[PDB]
Each structure stands twice: as structure tokens, then as C-alpha cells.
>>> print(open('upload.cif').read())   # mmCIF, C-alpha atoms and all ligand atoms
data_coords
loop_
_atom_site.group_PDB
_atom_site.id
_atom_site.type_symbol
_atom_site.label_atom_id
_atom_site.label_comp_id
_atom_site.auth_asym_id
_atom_site.auth_seq_id
_atom_site.Cartn_x
_atom_site.Cartn_y
_atom_site.Cartn_z
ATOM 1 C CA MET A 1 63.178 -92.755 -41.983
ATOM 2 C CA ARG A 2 65.619 -92.305 -39.002
ATOM 3 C CA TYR A 3 68.540 -94.565 -38.186
ATOM 4 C CA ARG A 4 70.105 -95.437 -34.824
ATOM 5 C CA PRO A 5 73.409 -97.085 -33.986
ATOM 6 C CA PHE A 6 72.999 -100.817 -33.241
ATOM 7 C CA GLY A 7 74.424 -100.561 -29.673
ATOM 8 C CA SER A 8 78.277 -100.907 -30.141
ATOM 9 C CA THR A 9 78.365 -103.111 -33.349
ATOM 10 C CA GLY A 10 79.156 -99.854 -35.337
ATOM 11 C CA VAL A 11 76.372 -100.541 -38.028
ATOM 12 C CA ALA A 12 73.231 -98.291 -38.470
ATOM 13 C CA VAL A 13 69.669 -99.730 -38.535
ATOM 14 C CA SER A 14 66.473 -97.859 -39.509
ATOM 15 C CA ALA A 15 64.277 -96.941 -36.479
ATOM 16 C CA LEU A 16 61.806 -99.659 -37.750
ATOM 17 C CA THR A 17 62.705 -103.349 -38.302
ATOM 18 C CA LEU A 18 60.211 -105.196 -40.581
ATOM 19 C CA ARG A 19 59.611 -108.857 -39.463
ATOM 20 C CA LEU A 20 58.738 -111.350 -42.279
ATOM 21 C CA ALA A 21 56.578 -113.959 -40.501
ATOM 22 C CA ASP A 22 55.446 -117.050 -42.471
ATOM 23 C CA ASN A 23 52.056 -116.285 -44.029
ATOM 24 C CA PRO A 24 50.196 -118.773 -46.247
ATOM 25 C CA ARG A 25 48.644 -116.012 -48.454
ATOM 26 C CA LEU A 26 51.822 -114.418 -49.990
ATOM 27 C CA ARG A 27 53.539 -115.943 -53.069
ATOM 28 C CA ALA A 28 57.272 -115.213 -53.658
ATOM 29 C CA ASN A 29 56.723 -112.027 -55.789
ATOM 30 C CA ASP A 30 54.474 -110.727 -52.901
ATOM 31 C CA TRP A 31 57.365 -111.143 -50.347
ATOM 32 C CA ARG A 32 59.787 -109.597 -52.890
ATOM 33 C CA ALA A 33 57.651 -106.414 -53.379
ATOM 34 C CA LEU A 34 57.039 -106.255 -49.572
ATOM 35 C CA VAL A 35 60.827 -106.000 -48.944
ATOM 36 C CA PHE A 36 61.082 -103.491 -51.901
ATOM 37 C CA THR A 37 58.426 -101.133 -50.388
ATOM 38 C CA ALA A 38 60.403 -101.478 -47.064
ATOM 39 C CA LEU A 39 63.749 -100.415 -48.735
ATOM 40 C CA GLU A 40 62.015 -97.622 -50.769
ATOM 41 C CA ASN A 41 60.544 -96.351 -47.415
ATOM 42 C CA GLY A 42 64.125 -96.359 -45.870
ATOM 43 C CA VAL A 43 63.725 -99.610 -43.758
ATOM 44 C CA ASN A 44 67.021 -101.600 -43.888
ATOM 45 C CA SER A 45 66.560 -103.865 -40.772
ATOM 46 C CA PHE A 46 64.755 -107.154 -41.567
ATOM 47 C CA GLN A 47 63.969 -110.089 -39.258
ATOM 48 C CA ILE A 48 63.137 -113.459 -40.947
ATOM 49 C CA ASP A 49 60.728 -115.346 -38.623
ATOM 50 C CA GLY A 50 59.738 -118.258 -40.921
ATOM 51 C CA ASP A 51 61.298 -120.806 -43.312
ATOM 52 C CA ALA A 52 58.492 -121.169 -45.987
ATOM 53 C CA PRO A 53 59.957 -121.866 -49.434
ATOM 54 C CA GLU A 54 58.080 -118.872 -50.984
ATOM 55 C CA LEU A 55 59.288 -116.377 -48.280
ATOM 56 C CA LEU A 56 63.079 -117.126 -48.351
ATOM 57 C CA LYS A 57 62.749 -117.109 -52.217
ATOM 58 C CA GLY A 58 61.157 -113.636 -52.469
ATOM 59 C CA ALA A 59 62.979 -112.135 -49.468
ATOM 60 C CA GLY A 60 66.252 -113.546 -50.861
ATOM 61 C CA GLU A 61 65.669 -112.036 -54.325
ATOM 62 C CA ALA A 62 64.814 -108.585 -52.793
ATOM 63 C CA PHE A 63 67.784 -108.582 -50.323
ATOM 64 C CA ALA A 64 69.911 -109.805 -53.272
ATOM 65 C CA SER A 65 69.029 -106.732 -55.462
ATOM 66 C CA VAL A 66 70.512 -103.963 -53.148
ATOM 67 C CA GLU A 67 74.144 -104.026 -51.856
ATOM 68 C CA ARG A 68 74.468 -106.498 -48.866
ATOM 69 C CA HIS A 69 76.215 -103.824 -46.654
ATOM 70 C CA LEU A 70 73.081 -101.536 -46.553
ATOM 71 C CA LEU A 71 71.052 -104.351 -44.924
ATOM 72 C CA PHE A 72 70.848 -105.535 -41.292
ATOM 73 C CA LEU A 73 69.413 -109.132 -41.457
ATOM 74 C CA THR A 74 68.319 -110.774 -38.142
ATOM 75 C CA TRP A 75 67.336 -114.532 -38.207
ATOM 76 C CA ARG A 76 64.767 -115.405 -35.535
ATOM 77 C CA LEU A 77 65.505 -118.922 -34.180
ATOM 78 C CA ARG A 78 62.635 -120.204 -31.942
ATOM 79 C CA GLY A 79 62.162 -123.443 -29.933
ATOM 80 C CA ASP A 80 63.614 -124.265 -26.457
ATOM 81 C CA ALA A 81 67.090 -122.631 -26.477
ATOM 82 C CA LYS A 82 68.417 -125.701 -24.496
ATOM 83 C CA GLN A 83 67.529 -128.137 -27.400
ATOM 84 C CA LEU A 84 69.756 -126.320 -29.992
ATOM 85 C CA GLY A 85 72.621 -128.568 -31.271
ATOM 86 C CA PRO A 86 74.230 -129.687 -34.591
ATOM 87 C CA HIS A 87 70.742 -130.252 -36.242
ATOM 88 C CA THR A 88 69.934 -126.524 -35.657
ATOM 89 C CA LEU A 89 73.016 -125.393 -37.677
ATOM 90 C CA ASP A 90 72.070 -127.872 -40.506
ATOM 91 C CA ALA A 91 68.645 -126.121 -40.504
ATOM 92 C CA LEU A 92 70.387 -122.684 -40.393
ATOM 93 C CA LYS A 93 72.726 -123.448 -43.327
ATOM 94 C CA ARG A 94 69.750 -124.603 -45.537
ATOM 95 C CA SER A 95 67.168 -121.935 -44.484
ATOM 96 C CA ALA A 96 69.170 -118.722 -43.698
ATOM 97 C CA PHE A 97 72.374 -119.135 -45.807
ATOM 98 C CA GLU A 98 71.281 -121.179 -48.907
ATOM 99 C CA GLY A 99 67.577 -120.163 -48.693
ATOM 100 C CA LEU A 100 68.150 -116.332 -48.635
ATOM 101 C CA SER A 101 71.535 -116.497 -50.493
ATOM 102 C CA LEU A 102 73.496 -114.644 -47.736
ATOM 103 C CA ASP A 103 77.201 -115.303 -46.866
ATOM 104 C CA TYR A 104 76.763 -113.772 -43.359
ATOM 105 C CA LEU A 105 73.899 -112.988 -40.893
ATOM 106 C CA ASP A 106 74.037 -109.595 -39.024
ATOM 107 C CA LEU A 107 72.329 -111.302 -36.017
ATOM 108 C CA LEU A 108 70.807 -114.619 -34.879
ATOM 109 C CA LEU A 109 68.056 -114.103 -32.215
ATOM 110 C CA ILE A 110 67.400 -117.130 -29.949
ATOM 111 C CA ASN A 111 64.878 -117.689 -27.114
ATOM 112 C CA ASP A 112 66.183 -117.066 -23.484
ATOM 113 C CA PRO A 113 67.289 -120.463 -22.075
ATOM 114 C CA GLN A 114 66.726 -118.936 -18.574
ATOM 115 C CA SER A 115 70.280 -120.308 -17.953
ATOM 116 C CA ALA A 116 73.888 -119.027 -17.519
ATOM 117 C CA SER A 117 74.880 -121.178 -20.583
ATOM 118 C CA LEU A 118 73.843 -122.381 -24.096
ATOM 119 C CA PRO A 119 74.328 -125.989 -25.266
ATOM 120 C CA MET A 120 78.009 -127.005 -26.028
ATOM 121 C CA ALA A 121 77.384 -128.251 -29.617
ATOM 122 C CA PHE A 122 75.506 -124.999 -30.546
ATOM 123 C CA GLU A 123 77.850 -122.398 -28.850
ATOM 124 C CA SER A 124 80.868 -124.130 -30.537
ATOM 125 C CA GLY A 125 79.196 -123.965 -34.018
ATOM 126 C CA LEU A 126 78.453 -120.213 -33.434
ATOM 127 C CA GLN A 127 82.170 -119.388 -32.712
ATOM 128 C CA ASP A 128 82.858 -121.422 -35.930
ATOM 129 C CA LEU A 129 80.517 -119.065 -37.961
ATOM 130 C CA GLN A 130 82.026 -116.056 -36.025
ATOM 131 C CA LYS A 131 85.656 -116.924 -37.178
ATOM 132 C CA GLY A 132 84.242 -117.752 -40.685
ATOM 133 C CA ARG A 133 83.240 -113.986 -40.655
ATOM 134 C CA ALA A 134 79.660 -115.447 -41.111
ATOM 135 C CA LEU A 135 77.576 -114.288 -38.036
ATOM 136 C CA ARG A 136 78.076 -110.737 -36.636
ATOM 137 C CA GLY A 137 76.201 -111.332 -33.370
ATOM 138 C CA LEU A 138 74.022 -113.473 -31.113
ATOM 139 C CA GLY A 139 70.829 -112.048 -29.581
ATOM 140 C CA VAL A 140 68.518 -113.185 -26.789
ATOM 141 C CA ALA A 141 64.776 -112.265 -26.899
ATOM 142 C CA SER A 142 63.264 -112.484 -23.354
ATOM 143 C CA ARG A 143 60.302 -111.148 -21.243
ATOM 144 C CA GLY A 144 62.034 -111.249 -17.797
ATOM 145 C CA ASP A 145 65.733 -110.699 -16.813
ATOM 146 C CA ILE A 146 68.320 -112.484 -19.093
ATOM 147 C CA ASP A 147 70.994 -114.227 -16.872
ATOM 148 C CA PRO A 148 74.002 -111.869 -16.210
ATOM 149 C CA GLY A 149 76.242 -114.886 -17.005
ATOM 150 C CA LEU A 150 74.634 -115.352 -20.491
ATOM 151 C CA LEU A 151 74.853 -111.540 -21.154
ATOM 152 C CA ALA A 152 78.588 -111.941 -20.247
ATOM 153 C CA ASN A 153 79.003 -114.368 -23.258
ATOM 154 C CA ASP A 154 80.943 -112.555 -26.067
ATOM 155 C CA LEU A 155 78.683 -113.992 -28.799
ATOM 156 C CA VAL A 156 75.826 -111.977 -27.148
ATOM 157 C CA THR A 157 75.669 -108.454 -28.810
ATOM 158 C CA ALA A 158 71.840 -107.772 -28.455
ATOM 159 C CA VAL A 159 68.529 -108.387 -26.611
ATOM 160 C CA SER A 160 64.873 -108.024 -27.735
ATOM 161 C CA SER A 161 61.972 -107.375 -25.319
ATOM 162 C CA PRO A 162 58.302 -106.274 -25.307
ATOM 163 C CA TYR A 163 58.376 -102.490 -24.745
ATOM 164 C CA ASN A 164 55.200 -100.516 -25.437
ATOM 165 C CA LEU A 165 52.603 -98.035 -24.176
ATOM 166 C CA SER A 166 51.559 -100.607 -21.424
ATOM 167 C CA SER A 167 55.125 -101.404 -20.151
ATOM 168 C CA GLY A 168 56.115 -100.784 -16.454
ATOM 169 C CA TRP A 169 59.207 -98.756 -15.239
ATOM 170 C CA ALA A 170 59.980 -102.348 -14.091
ATOM 171 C CA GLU A 171 60.044 -103.480 -17.831
ATOM 172 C CA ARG A 172 61.608 -100.072 -18.932
ATOM 173 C CA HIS A 173 64.685 -100.010 -16.562
ATOM 174 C CA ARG A 174 65.890 -103.447 -17.864
ATOM 175 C CA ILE A 175 65.890 -102.194 -21.533
ATOM 176 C CA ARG A 176 67.806 -99.074 -20.292
ATOM 177 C CA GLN A 177 70.459 -101.017 -18.301
ATOM 178 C CA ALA A 178 70.990 -103.306 -21.370
ATOM 179 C CA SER A 179 71.569 -100.137 -23.513
ATOM 180 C CA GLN A 180 74.133 -98.764 -20.950
ATOM 181 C CA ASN A 181 76.003 -102.142 -20.853
ATOM 182 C CA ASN A 182 76.381 -101.620 -24.677
ATOM 183 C CA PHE A 183 73.756 -104.301 -25.712
ATOM 184 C CA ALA A 184 71.571 -103.216 -28.708
ATOM 185 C CA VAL A 185 67.877 -103.474 -27.724
ATOM 186 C CA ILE A 186 65.154 -104.546 -30.231
ATOM 187 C CA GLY A 187 61.619 -103.352 -29.274
ATOM 188 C CA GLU A 188 58.687 -105.728 -29.810
ATOM 189 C CA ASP A 189 54.852 -105.900 -29.351
ATOM 190 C CA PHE A 190 54.458 -102.064 -29.676
ATOM 191 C CA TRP A 191 50.653 -102.402 -30.024
ATOM 192 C CA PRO A 192 49.522 -104.828 -27.285
ATOM 193 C CA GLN A 193 46.688 -107.393 -26.796
ATOM 194 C CA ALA A 194 45.076 -105.576 -23.778
ATOM 195 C CA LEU A 195 44.152 -102.697 -26.267
ATOM 196 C CA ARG A 196 43.035 -104.651 -29.455
ATOM 197 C CA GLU A 197 39.406 -105.012 -27.967
ATOM 198 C CA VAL A 219 41.157 -91.280 -13.740
ATOM 199 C CA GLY A 220 42.464 -91.523 -17.370
ATOM 200 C CA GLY A 221 41.469 -94.482 -19.662
ATOM 201 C CA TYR A 222 42.439 -95.388 -23.269
ATOM 202 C CA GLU A 223 39.653 -93.545 -25.215
ATOM 203 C CA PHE A 224 42.108 -90.904 -26.631
ATOM 204 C CA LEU A 225 43.798 -93.830 -28.546
ATOM 205 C CA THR A 226 40.939 -93.666 -31.132
ATOM 206 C CA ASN A 227 39.713 -90.022 -30.565
ATOM 207 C CA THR A 228 43.010 -88.265 -31.468
ATOM 208 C CA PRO A 229 42.344 -86.300 -34.724
ATOM 209 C CA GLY A 230 44.949 -87.350 -37.356
ATOM 210 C CA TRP A 231 46.291 -90.420 -35.464
ATOM 211 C CA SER A 232 45.247 -94.160 -35.410
ATOM 212 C CA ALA A 233 46.018 -96.403 -32.388
ATOM 213 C CA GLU A 234 48.594 -98.686 -34.319
ATOM 214 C CA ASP A 235 50.129 -95.188 -35.054
ATOM 215 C CA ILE A 236 49.946 -93.592 -31.510
ATOM 216 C CA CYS A 237 51.343 -96.813 -29.983
ATOM 217 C CA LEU A 238 54.283 -96.965 -32.489
ATOM 218 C CA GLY A 239 54.669 -93.247 -31.658
ATOM 219 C CA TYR A 240 55.492 -94.018 -27.981
ATOM 220 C CA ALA A 241 57.809 -97.016 -28.693
ATOM 221 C CA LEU A 242 59.971 -94.665 -30.858
ATOM 222 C CA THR A 243 60.475 -92.104 -27.965
ATOM 223 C CA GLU A 244 62.447 -94.727 -25.897
ATOM 224 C CA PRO A 245 66.184 -94.097 -26.618
ATOM 225 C CA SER A 246 67.155 -97.468 -24.978
ATOM 226 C CA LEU A 247 65.625 -99.113 -28.136
ATOM 227 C CA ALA A 248 67.926 -99.275 -31.226
ATOM 228 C CA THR A 249 64.887 -100.259 -33.366
ATOM 229 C CA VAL A 250 61.122 -101.003 -33.008
ATOM 230 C CA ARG A 251 59.970 -104.286 -34.618
ATOM 231 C CA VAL A 252 56.920 -104.062 -36.928
ATOM 232 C CA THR A 253 55.069 -106.785 -38.979
ATOM 233 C CA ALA A 254 53.263 -106.076 -42.284
ATOM 234 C CA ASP A 255 50.707 -108.277 -44.191
ATOM 235 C CA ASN A 256 51.159 -105.721 -47.029
ATOM 236 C CA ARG A 257 52.393 -102.475 -48.660
ATOM 237 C CA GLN A 258 50.043 -99.735 -47.381
ATOM 238 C CA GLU A 259 50.893 -100.854 -43.755
ATOM 239 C CA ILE A 260 54.705 -100.526 -44.241
ATOM 240 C CA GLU A 261 54.031 -97.080 -45.756
ATOM 241 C CA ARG A 262 51.832 -95.849 -42.828
ATOM 242 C CA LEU A 263 54.345 -97.024 -40.099
ATOM 243 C CA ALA A 264 57.530 -95.631 -41.742
ATOM 244 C CA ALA A 265 55.514 -92.311 -41.815
ATOM 245 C CA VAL A 266 54.987 -92.441 -38.023
ATOM 246 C CA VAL A 267 58.822 -92.210 -37.589
ATOM 247 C CA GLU A 268 58.925 -88.623 -39.002
ATOM 248 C CA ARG A 269 55.827 -87.484 -37.024
ATOM 249 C CA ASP A 270 55.963 -86.066 -33.471
ATOM 250 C CA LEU A 271 53.519 -87.502 -30.885
ATOM 251 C CA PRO A 272 51.246 -84.549 -29.871
ATOM 252 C CA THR A 273 52.304 -83.718 -26.250
ATOM 253 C CA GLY A 274 48.584 -83.985 -25.246
ATOM 254 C CA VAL A 275 48.652 -87.730 -26.237
ATOM 255 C CA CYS A 276 52.005 -88.246 -24.341
ATOM 256 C CA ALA A 277 50.434 -87.031 -21.050
ATOM 257 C CA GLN A 278 47.278 -89.145 -21.501
ATOM 258 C CA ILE A 279 49.518 -92.144 -22.337
ATOM 259 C CA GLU A 280 50.898 -91.865 -18.749
ATOM 260 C CA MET A 281 47.660 -91.100 -16.848
ATOM 261 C CA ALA A 282 45.999 -94.051 -18.656
ATOM 262 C CA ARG A 283 49.006 -96.271 -17.794
ATOM 263 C CA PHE A 284 48.721 -95.372 -14.017
ATOM 264 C CA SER A 285 44.853 -95.820 -14.116
ATOM 265 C CA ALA A 286 45.288 -99.355 -15.662
ATOM 266 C CA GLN A 287 47.993 -100.764 -13.300
ATOM 267 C CA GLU A 288 45.958 -99.257 -10.339
ATOM 268 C CA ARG A 289 42.962 -101.624 -11.003
ATOM 269 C CA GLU A 290 45.417 -104.469 -12.031
ATOM 270 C CA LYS A 291 46.139 -104.241 -8.192
ATOM 271 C CA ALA A 292 42.452 -104.009 -7.015
ATOM 272 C CA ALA A 293 42.544 -107.617 -8.403
ATOM 273 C CA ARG A 294 44.378 -109.243 -5.440
ATOM 274 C CA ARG A 295 41.601 -109.252 -2.674
ATOM 275 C CA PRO A 296 43.176 -110.483 0.651
ATOM 276 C CA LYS A 297 39.503 -110.719 2.648
ATOM 277 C CA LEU A 298 40.690 -111.049 6.211
ATOM 278 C CA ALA A 299 37.593 -109.292 7.545
ATOM 279 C CA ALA A 300 39.914 -108.392 10.418
ATOM 280 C CA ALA A 301 41.122 -104.972 11.596
ATOM 281 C CA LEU A 302 37.778 -103.685 12.909
ATOM 282 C CA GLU A 303 36.810 -102.711 16.760
ATOM 283 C CA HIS A 304 37.179 -106.088 19.264
ATOM 284 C CA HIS A 305 40.420 -105.418 24.163
ATOM 285 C CA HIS A 306 43.473 -106.717 22.183
ATOM 286 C CA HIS A 307 47.143 -108.086 22.294
ATOM 287 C CA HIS A 308 49.624 -108.888 25.142
ATOM 288 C CA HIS A 309 52.778 -106.958 24.018
HETATM 289 N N1 LIG B 401 60.628 -111.227 -26.292
HETATM 290 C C1 LIG B 401 60.323 -112.489 -26.666
HETATM 291 N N2 LIG B 401 60.752 -113.478 -25.863
HETATM 292 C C2 LIG B 401 60.478 -114.777 -26.170
HETATM 293 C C3 LIG B 401 59.695 -115.117 -27.394
HETATM 294 N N3 LIG B 401 59.612 -116.484 -27.403
HETATM 295 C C4 LIG B 401 60.274 -116.956 -26.309
HETATM 296 N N4 LIG B 401 60.785 -115.935 -25.553
HETATM 297 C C5 LIG B 401 61.610 -116.003 -24.264
HETATM 298 O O1 LIG B 401 62.006 -117.360 -23.931
HETATM 299 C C6 LIG B 401 61.612 -117.687 -22.589
HETATM 300 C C7 LIG B 401 61.081 -119.092 -22.614
HETATM 301 O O2 LIG B 401 60.461 -119.198 -23.903
HETATM 302 P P1 LIG B 401 60.314 -120.654 -24.581
HETATM 303 O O3 LIG B 401 60.271 -121.581 -23.364
HETATM 304 O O4 LIG B 401 61.332 -120.887 -25.726
HETATM 305 O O5 LIG B 401 58.824 -120.608 -25.242
HETATM 306 P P2 LIG B 401 57.619 -119.717 -24.629
HETATM 307 O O6 LIG B 401 58.062 -118.379 -25.211
HETATM 308 O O7 LIG B 401 56.308 -120.150 -25.295
HETATM 309 O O8 LIG B 401 57.700 -119.886 -23.098
HETATM 310 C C8 LIG B 401 60.506 -116.700 -22.301
HETATM 311 O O9 LIG B 401 60.194 -116.507 -20.922
HETATM 312 P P3 LIG B 401 58.604 -116.580 -20.680
HETATM 313 O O10 LIG B 401 58.135 -117.633 -21.691
HETATM 314 O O11 LIG B 401 58.080 -115.158 -20.687
HETATM 315 O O12 LIG B 401 58.344 -117.215 -19.188
HETATM 316 P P4 LIG B 401 57.570 -118.639 -18.836
HETATM 317 O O13 LIG B 401 56.215 -118.339 -18.203
HETATM 318 O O14 LIG B 401 57.495 -119.371 -20.197
HETATM 319 O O15 LIG B 401 58.448 -119.277 -17.771
HETATM 320 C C9 LIG B 401 60.929 -115.428 -23.002
HETATM 321 O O16 LIG B 401 61.746 -114.641 -22.100
HETATM 322 C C10 LIG B 401 59.253 -113.945 -28.250
HETATM 323 O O17 LIG B 401 58.590 -114.042 -29.333
HETATM 324 N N5 LIG B 401 59.618 -112.716 -27.808
#
>>> encode(input="upload.cif", output="C-alpha cells")
Amino acid sequence: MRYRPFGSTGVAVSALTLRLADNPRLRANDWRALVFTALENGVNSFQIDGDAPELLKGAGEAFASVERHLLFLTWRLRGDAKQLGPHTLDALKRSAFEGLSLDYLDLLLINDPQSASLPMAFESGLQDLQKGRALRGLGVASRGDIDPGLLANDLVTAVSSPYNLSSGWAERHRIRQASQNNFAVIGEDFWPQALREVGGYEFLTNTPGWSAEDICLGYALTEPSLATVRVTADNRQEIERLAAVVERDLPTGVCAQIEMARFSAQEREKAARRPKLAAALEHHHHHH
């Protein structure tokens, strides 16, 4: 495992962040041993993206067993960002703080309200946790441009964003600016939908020694703008195979094909417009 500085917060996170997403097929001991495999493989950044009794139980017991200051725990708070109020912090106390048995969260990661401002009730409560030494940072996950006003907020110490193989220099630049303005950037969807099925993406499955989950995670990890790539793991063999990818070097053949293929793709993604004015062909013409 490799570790990167979380932007300016002064704490180190593993290059991978394992996301515990509610899953009806894992009992508490299953979640416990998941988190254990993660720690044993050097992963110290978790994201809790669920509130199931069995998950908080097992994740809480595992987190509980190592020293709290080795761990970076992100709580993923979904729903419309502009509906968050007192109720949300009642939910947060019971799920994040009692449920996992933490005294502080390293980060709370909300949806983008596409808005200069959060709700009054919520923002107040967050500064209350803040002073209570009980929430290190706020974070805003977003697909477009977070509002410069919201980024100005002093609670806001991080963003998360889809960055992957497919991403545009469009998408990329934003993640880079964020990094320069001292925001920590969390990488998401590293293996995309488009590819779950001149250049073309055949090399993704033909590369001797590499899988596509693996090649794709490969690329995500080469972006310095990203403080950590988010991964998600049904199980133990997966966490093992992805923590391995961090120590491997993408073969420079694959890196070149990753870029031809990307051009190729977004070329035909712009043969799909089709503006038909059967004009511009022979006919005297204009008065100038
Ligand atoms: N990175 C990331 N961002 C998230 C996630 N969930 C919500 N967001 C952010 O919140 C904005 C609005 O999301 P919500 O309205 O809460 O729910 P939605 O994600 O289903 O739209 C999103 O813009 P948008 O939804 O892309 O635009 P629009 O077409 O909804 O206007 C996106 O920037 C997530 O899992 N990851």
C-alpha cells in the first residue's frame, strides 16, 4: 500500500479508500472480517455508505480494534443537500457516532446542493460538531462544477468526483484545480458502465497479466490530483487484488492505448449530433 496526504488536513490516507455499501448478504462478522482484510492489506481510509444494523455493528467492532488515529473514516450522507436540517444530525448521532462507536468523524461527504449555501439548521450543527472536536471536515461529492461560494465555506475541506479511464480533460482539470486550491480529492467510479458490456477497448481484456477492473484502477492511481481512489468490495479476495494493483506499474503499452481508445470513443460520441441541413452544395448566391 501507498499513502498520500489528504490535501492540507495533515493526515495520511492509503491510496485506496474501501466503501462499505449496505448489502443484504453480509452478517456483522462478514463486515468485521472485510474491514480486517482491508487493514491487513494497508487500507486505512473507509467510507460508510449505509446504515444497516449489521454493517455499523461489524464495521464498528473492526474500527474499534485498531487505534482510532490510524483510521480515516468518511460518512457518506446522501439525499437532496437542501433538505438537511436538525433531523439529519439526529440520524448522524445514532448511525455514525453511536452505531460505529466513534467520538469524531474524519469527514462527512454530502451531495452538491448546486447552491452557494447549505441549509441554516445543518451548517450551524456542523460548526457545533467542529468546536466539539467531533468532525474534521465537510466534503462535497459532485459530477459538474461545485459553486465557488460553497468551496469558500471553511467547513469544506474535500471534494469527490468520477475520475476514470473515460474522463475528459474537461473532467480532469476540475479535479486538478481543486487539488491546487488545497481541497483533497476523492476519486470515484474508476471502472465505468460504458465498459462493463482508430484504437478501441479490446486491450482491456487482452493484456497478459492484467484484468480490466485492474487496468482501470491502474489509471485512476496515476492522477496526482486524487488523494485516494474509492473502491467497493463484496468480499476478501477483491480487496486483496485491488490493494495489489497499487504496487504494480501500468505497462506503458496499456497507457498509450488508454489514450488512443479515449480519443476514438469521444470522436464517435460527436458523430452522434447530426445537424442535416442538406445545404452547402452548388446553387448564384448572397447579396453582401
Ligand atoms: N460524485 C457523486 N456525486 C453525487 C452522487 N450523488 C449525488 N451527487 C451530486 O449531487 C448533485 C445532485 O444530486 P442529487 O440531486 O442529491 O441526486 P442525484 O445524484 O440522483 O441527482 C449531482 O449533480 P447531477 O445529479 O450530476 O446533475 P443533475 O442531472 O441531477 O442535475 C452530483 O453532482 C454520487 O454518488 N457521487
>>> residues_around(input="upload.cif", residues="residue A:16", least_positions_apart="3", cutoff="9 Å", atoms="all atoms listed in the file", output="VMD selection string")
chain A and resid 1 to 3 13 43 to 46 242 248 to 252 263 to 264 267
>>> resolve_selection(input="upload.cif", expression="the PyMOL selection byres (((chain A and resi 279) around 10) and not hetatm)", output="list in words")
residues 165, 166, 220, 221, 222, 224, 225, 236, 237, 240, 273, 274, 275, 276, 277, 278, 280, 281, 282, 283 and 284 of chain A
>>> closest_residue(input="upload.cif", among="A:143, A:294, A:174, A:93", to="ligand LIG 401 (chain B)", atoms="only C-alpha atoms and all ligand atoms")
A:143
>>> axis_aligned_box(input="upload.cif", around="ligand LIG 401 (chain B)", padding_each_side="6 Å", output="lines of an AutoDock Vina configuration file")
center_x = 59.1
center_y = -116.4
center_z = -23.6
size_x = 17.8
size_y = 22.4
size_z = 23.6
>>> residues_around(input="upload.cif", residues="residue A:96", least_positions_apart="2", cutoff="12 Å", atoms="all atoms listed in the file", output="ChimeraX atom specification")
/A:47-53,55-57,59-60,73-77,88-94,98-108,134-135
>>> atom_distance(input="upload.cif", atom1="atom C8 of ligand LIG 401 (chain B)", atom2="atom CA of residue A:86")
22.5 Å
>>> atom_distance(input="upload.cif", atom1="atom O1 of ligand LIG 401 (chain B)", atom2="atom CA of residue A:125")
21.0 Å
>>> closest_residue(input="upload.cif", among="A:239, A:289, A:258, A:227", to="residue A:33", atoms="all atoms listed in the file")
A:258
>>> decode(input="upload.cif", residues="stretch 150-162 of chain A", atoms="N, CA, C and O atoms", output="mmCIF file, in the first residue's frame")
data_model
loop_
_atom_site.group_PDB
_atom_site.id
_atom_site.type_symbol
_atom_site.label_atom_id
_atom_site.label_comp_id
_atom_site.auth_asym_id
_atom_site.auth_seq_id
_atom_site.Cartn_x
_atom_site.Cartn_y
_atom_site.Cartn_z
ATOM 1 N N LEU A 150 -19.615 27.911 -2.252
ATOM 2 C CA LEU A 150 -19.680 26.734 -1.335
ATOM 3 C C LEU A 150 -18.259 26.277 -1.004
ATOM 4 O O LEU A 150 -17.974 26.107 0.176
ATOM 5 N N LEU A 151 -17.397 26.143 -2.010
ATOM 6 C CA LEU A 151 -15.955 25.789 -1.844
ATOM 7 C C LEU A 151 -15.263 26.772 -0.891
ATOM 8 O O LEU A 151 -14.312 26.351 -0.197
ATOM 9 N N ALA A 152 -15.711 28.028 -0.882
ATOM 10 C CA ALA A 152 -15.214 29.095 0.013
ATOM 11 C C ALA A 152 -15.530 28.758 1.480
ATOM 12 O O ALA A 152 -14.702 29.066 2.346
ATOM 13 N N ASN A 153 -16.673 28.127 1.765
ATOM 14 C CA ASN A 153 -17.067 27.695 3.134
ATOM 15 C C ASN A 153 -15.858 26.989 3.781
ATOM 16 O O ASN A 153 -15.104 26.244 3.093
ATOM 17 N N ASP A 154 -15.649 27.249 5.071
ATOM 18 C CA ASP A 154 -14.457 26.793 5.838
ATOM 19 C C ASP A 154 -14.723 25.405 6.401
ATOM 20 O O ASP A 154 -13.762 24.769 6.838
ATOM 21 N N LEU A 155 -15.978 24.959 6.412
ATOM 22 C CA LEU A 155 -16.271 23.554 6.761
ATOM 23 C C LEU A 155 -15.718 22.681 5.637
ATOM 24 O O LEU A 155 -15.269 21.566 5.954
ATOM 25 N N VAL A 156 -15.719 23.187 4.394
ATOM 26 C CA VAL A 156 -15.461 22.370 3.170
ATOM 27 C C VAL A 156 -13.947 22.177 2.982
ATOM 28 O O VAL A 156 -13.277 23.171 2.599
ATOM 29 N N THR A 157 -13.461 20.946 3.256
ATOM 30 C CA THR A 157 -12.032 20.515 3.217
ATOM 31 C C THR A 157 -11.806 19.437 2.139
ATOM 32 O O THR A 157 -10.666 18.904 2.110
ATOM 33 N N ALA A 158 -12.789 19.104 1.283
ATOM 34 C CA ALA A 158 -12.664 17.974 0.320
ATOM 35 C C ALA A 158 -13.771 17.973 -0.726
ATOM 36 O O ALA A 158 -14.873 18.398 -0.416
ATOM 37 N N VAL A 159 -13.478 17.427 -1.900
ATOM 38 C CA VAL A 159 -14.496 17.046 -2.925
ATOM 39 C C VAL A 159 -14.288 15.586 -3.361
ATOM 40 O O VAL A 159 -13.173 15.037 -3.199
ATOM 41 N N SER A 160 -15.334 14.960 -3.893
ATOM 42 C CA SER A 160 -15.226 13.650 -4.566
ATOM 43 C C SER A 160 -15.902 13.793 -5.921
ATOM 44 O O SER A 160 -16.760 14.661 -6.054
ATOM 45 N N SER A 161 -15.473 13.005 -6.896
ATOM 46 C CA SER A 161 -15.792 13.196 -8.327
ATOM 47 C C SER A 161 -15.491 11.915 -9.096
ATOM 48 O O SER A 161 -14.493 11.247 -8.805
ATOM 49 N N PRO A 162 -16.302 11.548 -10.114
ATOM 50 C CA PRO A 162 -15.944 10.457 -11.003
ATOM 51 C C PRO A 162 -14.698 10.947 -11.727
ATOM 52 O O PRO A 162 -14.764 12.023 -12.286
#
